[PDB]
Amino acid sequence: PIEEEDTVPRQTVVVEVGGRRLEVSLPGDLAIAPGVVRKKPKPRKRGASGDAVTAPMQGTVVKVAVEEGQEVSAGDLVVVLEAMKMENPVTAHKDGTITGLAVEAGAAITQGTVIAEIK
Amino acid sequence: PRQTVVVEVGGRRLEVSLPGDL
Amino acid sequence: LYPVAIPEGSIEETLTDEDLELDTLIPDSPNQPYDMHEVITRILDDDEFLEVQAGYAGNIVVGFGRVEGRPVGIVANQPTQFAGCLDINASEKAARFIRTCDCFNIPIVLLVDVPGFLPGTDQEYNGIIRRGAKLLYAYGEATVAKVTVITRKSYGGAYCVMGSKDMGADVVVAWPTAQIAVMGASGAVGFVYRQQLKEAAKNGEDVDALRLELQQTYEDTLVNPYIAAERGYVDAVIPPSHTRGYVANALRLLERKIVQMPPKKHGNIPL
Amino acid sequence: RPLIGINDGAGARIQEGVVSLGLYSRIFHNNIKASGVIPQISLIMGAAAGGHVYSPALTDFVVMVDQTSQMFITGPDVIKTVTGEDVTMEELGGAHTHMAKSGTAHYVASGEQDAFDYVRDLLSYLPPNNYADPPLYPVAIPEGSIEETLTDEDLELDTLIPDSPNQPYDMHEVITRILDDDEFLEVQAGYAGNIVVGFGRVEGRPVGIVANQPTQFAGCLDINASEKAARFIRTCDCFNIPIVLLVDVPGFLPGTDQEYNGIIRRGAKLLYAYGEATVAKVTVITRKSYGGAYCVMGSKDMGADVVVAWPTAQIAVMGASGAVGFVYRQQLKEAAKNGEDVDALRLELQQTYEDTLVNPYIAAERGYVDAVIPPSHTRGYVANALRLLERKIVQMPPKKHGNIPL
Amino acid sequence: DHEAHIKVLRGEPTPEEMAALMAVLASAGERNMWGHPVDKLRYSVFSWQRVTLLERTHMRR
Amino acid sequence: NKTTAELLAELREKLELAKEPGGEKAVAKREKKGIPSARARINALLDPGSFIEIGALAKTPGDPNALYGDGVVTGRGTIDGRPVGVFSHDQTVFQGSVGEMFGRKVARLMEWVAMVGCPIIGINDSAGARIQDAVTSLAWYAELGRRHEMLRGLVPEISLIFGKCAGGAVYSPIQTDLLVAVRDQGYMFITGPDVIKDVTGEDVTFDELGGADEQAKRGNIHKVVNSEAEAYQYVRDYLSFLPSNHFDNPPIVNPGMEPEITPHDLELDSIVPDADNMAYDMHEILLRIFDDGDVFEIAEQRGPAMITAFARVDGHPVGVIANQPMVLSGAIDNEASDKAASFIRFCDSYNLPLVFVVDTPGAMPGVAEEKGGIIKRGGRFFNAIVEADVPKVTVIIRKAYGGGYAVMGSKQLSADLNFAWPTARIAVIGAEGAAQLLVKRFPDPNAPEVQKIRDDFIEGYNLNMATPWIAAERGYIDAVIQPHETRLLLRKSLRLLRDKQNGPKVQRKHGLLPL
Amino acid sequence: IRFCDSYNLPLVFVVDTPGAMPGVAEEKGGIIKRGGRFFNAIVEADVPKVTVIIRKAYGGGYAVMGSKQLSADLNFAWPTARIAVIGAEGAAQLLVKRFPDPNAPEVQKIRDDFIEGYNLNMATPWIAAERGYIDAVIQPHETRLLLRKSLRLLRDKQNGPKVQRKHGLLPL
């Protein structure tokens, strides 16, 4: 559900009108829930300043570009993730020093895994 | 009054002004 | 609760010679008044009686005393003033005194000798119906221990404004001289025997002699405490001398009292 | 549930004897027990005599029929016998008597149908019990500020108050403009016209108006008005109906009659009623609020939730005539010694005091008035206050009951 | 417009059939706390439910 | 003297003047600073035109050249159509300092909001003591301090720090439930840098001593924002989860969305890393287990190993306490503990169910923690979670060791429903700690003997001990569930627990809390 | 305070403080929030509260040490008491900072002038007594019997109005 109208439950019914098989979706409150509010629901997305580099999706770590203790700048490559045999280069979001580093080449990696800490 | 009920039919918007109270 | 030692014995064993004066207090003729202080000071400890508003509405006497150390508020009709009638001023005086007692959990003892309400267009135009309903409201809301001694008259609606059993009087006792009736016999006869007075007037009889004979019969039959005692409105008919004993013992029994009333914010007393 | 007593009976059935008096006592006791629990309304439809009169007095409202309804304790013939005064029952206790003189009756219907209509009108405002909210009609709430939602009927208020402080106006002109649909159910219209009290609605919500009336006794508080207002306020607070005061009071009615009849004791009842009342209490001040009557007519410290004043309001300890005579007593004394035009000096000082202190702004400054508003805003402010104060989380020290001046 | 409308997922009616459909579907489509049970329950003098049930009922709107 | 029309026009003139009672000079100074007026601010916060101002003309007695409003705007307003009380300090009059009438008006507003039972928002531009009447400001600081207690736990209190909240002005804000501050504009300090220099010679900047980010890290302030508009939005969102008062019910928003197992639920089956040392962002779980992404985070910077947030389950507001493995390995430090405790007590006072999402090794071992009071703060957390009467539900994600297991809504401490994912690890201590403590210290050498003996002990412990199955066998947790179940299972659990009446409890003046 | 209130012990405050200690150590220690909790505890407490002010009640020290404004029931001061937002020396520093301190006798004079004026007219109990913030200024020997009399009066203190709720809140 993406717009406000999408949040309303719907009942689907088959209606025959002059023999025509119409198929009709009826909103659960249509005036044709005593204090329920409808509003545009927020996407399941994280809308940062934080130090963590995090994996954007599940995959495998086909390359690690940084070394422990290296200094990097915003946009520099940190790792490449193979996902579904597609390359997903993951890059440093801010300037600073790699001060923790969990990944290694060939590691399977889940989404939101902290790859490294830039401090 | 008239209840102008919007219906979507295959994506065509179609206002049906029904008699209001019923 | 000032400590005092109660003398041991029966209510009739413990009669003092001062109590025995009540047996002779009440005059034989119902036209002769008596001072209700004679009862008040004898039922109270030490005759100590703190009268409130002594100069106001002297037809009713209200004030504090003690019964065996317990504070009591006494409210009492006064025959020597307006024959003991209730009126506007006495109703407001008594109602507020009762409500103060009830706030502070002081038992109320009523000494009753009331013929009715003071007749008059002045009382009517100044609101005796609305004003007198305040003494009903005060006594009905009063949840403290409420005791009534009837001495002589308790007529008509004034039998209700003074505290009857259905108004939640906890103990009601009457002296032998009590007279509990819908109205005095002279008025009653004109209703109850109106047909006999009619036929006597058509016959041209001595209708005034018939009036007197019927009034006599009425007063002998009905204008007495026993009818009320039979109907259960008077709990006991007692010798006057017993009154101090009965008040003391009833107040002791009613030291603790629960009364259940509907839930409310407040009462809307008639003003 | 509400109790309705249609009363028409002459006394105890004397043949039955004391039993009648016992069941009178029980009826009265039940009326007291129910009082403030459920609405109680009495219609006198005949000669109510003897004990029948106290039940109406204990009920919350009394309707009478203009000439068919009588109440009295004792018969005219009894009164004659004991006092010699000759009265007909109608003179003694007719509807006019109990409205204008005794003030026991709340309404004097032109007929039985009108009486029933009035009782249905009352019950329309009254909730079935003290644990129920008054019947709240849904309303087409307008949206925007008060300024954006003033009607012309509101703007009519901006011109209502006469320019001269000595010229009166009919307060119904205000009441019927602030209330919904112009519709006002006045209570005791005939008794004490210096105070107008009654029911109405704002945004569909029942309210109890209490208002001074400049056209009678300059709107002074007297004993009768004080008791009328006190009992009406206490009834409203029993049944959760919020109260609006419309205040234009110069003070109490001066006189030895008022003093000897107890204006102190019986005026203190309106203080008690107002201070006890825990429903919403909104005060609008239109011209005067002087002296003790400022306290009685719902001052802030008495716990008025919202106090607003019109620009014509005049909130002061006393009128300028007397205030000059106290504030400048010494200066006037010196002018009298020196042989000045002491009267001209009084006039100048009085003008000065009127221009300085006899206004709303001093009280607004002290914060006794929350806002000085254009009159047209009144309905907006009242509606906002009553909409917010549906439930007031307010309390007083636990007690069995008040010891109201009585 | 964020109102939830009816939706003809499948097929098209003629205007007359739509009028029939909509006419058919249209033709088919105060507190009084007196004696509330919470008052009828018996509580210990120290029972926490005097807060969390009784007040949370009487006060609640 | 004057006609009604002349009086009405005089009224309108005064009401207009009362809009800028400091006059042209103070308008000039304020437009120089570029800082919105206190009433423009109230008009921006509140719904358009909803504001009714109270005490517009209130004026200090007997000072002939006092100015209207005495330095504060006070009134009442709707936000999203729901009542609130508002006050806002007006720097143009007496520098906004607390006079008698300023105190009276804010006191009267606090009384009003307690009477109706609705939130109150302060907008806090500097409210120092009067230069001319300091003891009055002292008294009214104490008066307002007293009047906060009639509001604590009754109605939501918010303060928006838009200036240097300095000296005794701090005592009223710190009572309030939510503090928002603006960067490089809001500051909070009990003593100025200059006074500190004079008394001690310590040298600090306003950013170091006062600054909003420093106060968020210290945990005195709940949110730091970049603008007043952002502050107002944050208030609107915050209130969007809360009832007006202790007694009324919160808004129900978008109930019944997505009644079925979605792909977004199925994504939880692989969201926990395979290797127990790997950190991950707990938000990847929080954004999926609740109705939508509206996880409204409070006190983000304070104790960042812990997340305190509002969310909705089937449209009903809930407070969510989660560990954050992305920070400090999720160890419950001093500030995480105190954040959790205060958030719990707030949620209980406003009837928000508590959902605990656990992933923690427990307390952070160290001397700075011990010296900082970790024992007492943890005691407060222990107490708060058992004081809270609301529905309590727990989801254990991976490790939950020791006091972390205890305080993160164990069944002990009276959580109501306990679920674990199959990744959970419930133990007194992790395998590394158990080995390093009991086993490894018997050998003297770090020989490859002890290396393999230790690795084999870890291997055994991570299977037989640090696994949920013991807790499940003993019924300490109520179920082991597949992750995707979690959203619908929370909906069912909170639906069951909705009418929870906690007990038996003995009524008392109050509980006592390690303090 | 919270313990004593839980077990119904009356609270007697004996006040002699300049208030919160200045410094970065205390600020980084959280003095603001501990103070807010102290404010909360003392207002929350329902027990009888009596305060004797023996010589120095400045700022939050005055407020928190059982001020009447924070619901202290009876307030007594010895005639040595000094009630103020700040002491004379601090108010002087707030003034002499008008210019860079030359250590000139003129500036020492202005300083000591202000000190003496403040210590006579300002940092003295009489303004508080006039305003009724403290209920009595008492001879010190009176204090024991006056405590007895005050707590005897306050024996049955019922605090109100207070609205019952699951609990208050204090800033942790």
# chains A, B, ... in the order shown; residues from 1 in each chain; ligands from 1
$ residues_around --residues "region 106-112 of chain A" --least-positions-apart "3" --cutoff "8 Å" --atoms "only C-alpha atoms" --output "JSON, numbers by chain"
{"A": [54, 55, 56, 57, 58, 59, 60, 61, 62, 63, 103], "F": [270, 271, 272, 273, 280, 281, 284]}
$ residues_around --residues "residue 18 (chain B)" --least-positions-apart "6" --cutoff "8 Å" --atoms "only C-alpha atoms" --output "mmCIF file with C-alpha atoms, in the first residue's frame"
data_model
loop_
_atom_site.group_PDB
_atom_site.id
_atom_site.type_symbol
_atom_site.label_atom_id
_atom_site.label_comp_id
_atom_site.auth_asym_id
_atom_site.auth_seq_id
_atom_site.Cartn_x
_atom_site.Cartn_y
_atom_site.Cartn_z
ATOM 1 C CA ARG B 2 -27.034 13.734 -5.349
ATOM 2 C CA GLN B 3 -24.388 11.229 -4.290
ATOM 3 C CA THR B 4 -21.746 11.602 -6.987
ATOM 4 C CA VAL B 5 -20.025 8.234 -6.553
ATOM 5 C CA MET E 22 -25.082 1.164 -8.749
ATOM 6 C CA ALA E 23 -28.797 1.441 -7.942
#
$ interface_residues --of "chain G" --to "chain F" --cutoff "9 Å" --atoms "only C-alpha atoms" --output "ChimeraX atom specification"
/G:2-3,5-6,20,22-24,27-33,35-37,39-40,43-44,46,59-60,62-64,67-71,83-85,90,93-94,127-128,133,162-163,165-172
$ select_by_dssp --residues "region 51-254 of chain C" --states "strand (DSSP E or B)" --output "ChimeraX atom specification"
/C:51-52,60-67,70-77,86,108-114,117,146-155,171-174,179-181,236-237
$ interface_residues --of "chain D" --to "chain G" --cutoff "8 Å" --atoms "only C-alpha atoms" --output "ChimeraX atom specification"
/D:393,395-397
$ closest_atom_pairs --of "chain E" --to "chain C" --cutoff "12 Å" --atoms "only C-alpha atoms" --output "JSON lines"
{"residue": "E:33", "atom": "CA", "partner": "C:263", "partner_atom": "CA", "distance": 11.4}
{"residue": "E:34", "atom": "CA", "partner": "C:263", "partner_atom": "CA", "distance": 9.3}
{"residue": "E:35", "atom": "CA", "partner": "C:263", "partner_atom": "CA", "distance": 10.0}
{"residue": "E:39", "atom": "CA", "partner": "C:263", "partner_atom": "CA", "distance": 10.6}
$ write_last_selection --atoms "C-alpha atoms" --output "compact mmCIF listing (two decimals), in the first residue's frame"
# COMPACT_ATOMS: atom_id res chain seq x y z
CA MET E 33 -22.29 5.27 33.26
CA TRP E 34 -25.30 4.51 35.49
CA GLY E 35 -24.87 1.03 36.96
CA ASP E 39 -19.34 -0.16 39.98
$ atom_distance --atom1 "CA of residue 2 (chain E)" --atom2 "CA of residue 5 (chain A)"
5.0 Å
$ interface_residues --of "chain D" --to "chain E" --cutoff "6 Å" --atoms "only C-alpha atoms" --output "PyMOL selection string"
chain D and resi 131-133
$ closest_residue --among "D:221, D:302, D:195, D:4" --to "residue 258 (chain D)" --atoms "only C-alpha atoms"
D:221
$ atom_distance --atom1 "CA of residue 63 (chain D)" --atom2 "CA of residue 43 (chain D)"
4.7 Å
